[PDB]
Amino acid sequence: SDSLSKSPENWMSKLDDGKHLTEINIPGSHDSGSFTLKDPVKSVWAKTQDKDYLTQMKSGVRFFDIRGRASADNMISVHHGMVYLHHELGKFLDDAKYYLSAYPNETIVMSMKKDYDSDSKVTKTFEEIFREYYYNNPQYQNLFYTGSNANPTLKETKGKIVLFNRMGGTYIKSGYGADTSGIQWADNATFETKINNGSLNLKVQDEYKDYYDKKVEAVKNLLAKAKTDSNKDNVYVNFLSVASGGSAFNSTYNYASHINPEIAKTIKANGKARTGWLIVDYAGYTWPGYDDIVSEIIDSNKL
């Protein structure tokens, strides 16, 4: 009952691998690579994580919100909008690769989004650079999920990174939104859109501008929908992250320390019901006396 989150390194290994990934309640980290920020002024808003990628994985995070900027024709740098996070995409991929080697029944969802205009030296699209120098890179040979099931199971994705495509139209053919239309993302909204040529109904709460109370209500609203929804063809992505501290708190850290426990308590109070994929700031950051969002997301999976 407590047991899954007691060992967050290997919690997916314990699930029925007949489950589709859409039916798994998965913790994600919003702007996953921002843990590298040390500048205290630049960190106030832009720093969303304090754990590195392997530590996030060891804490049970399995959805990663990677934002990129093309900084050479063969290279993607990891960004928070205009802010460079001091590493390239290769570093995230080397960690995931390593982690998935150690724990072969785990799977990682990696969201990929262009977060900033390319360096003036770049002449290719973000999507080509990603497809050509990362996805099709022989060095990442068996790392990505390359199957053609639009709605893959744990069994199918075990030990692999499944692409969650936020780049637009792609020639990549495997993963969520991997087609020439990509995912049609609505700005600062809760929205629904069919993806993978009509196979899946994507339901997203991404109201990233919300005042704090409205943001809490927006998360709770999509949790209440996921709760009664056993349709495996529906995918829920619920962002608990928000800009400018919800216009209520003085840093993204302060903001996270309020919404994360409030949502963790709500999930605990609802039992082991379907939550969808919840993407949080400060994943695996605990406050004494408060419920832990990543643990409660993990423990909401019924065995």
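Residue numbers run from 1 along the displayed sequence.
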With B-factors read from the PDB entry, the higher C-alpha mean of 161-169 and 132-140 is in 132-140
Per the PDB entry, mean CA B-factor is higher for 151-159 or 77-85, namely for 151-159
Reading the B-factor column for Cα atoms of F126, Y208, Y176, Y98, the highest value belongs to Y98
From the entry's CA B-factor values, the highest among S111, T190, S120, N221 is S120
Of the three thirds of Cα B-factor ranks in this chain, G271 occupies the highest
Entry-reported C-alpha B-factor of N25 relative to its chain, by third, is lowest
Chain-relative C-alpha B factor for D2 (record values, thirds): the highest
Binned into thirds over the chain's modelled residues, the C-alpha B-factor of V204 lands in the lowest
Split the chain's modelled residues into thirds by Cα B-factor; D16 lands in the highest
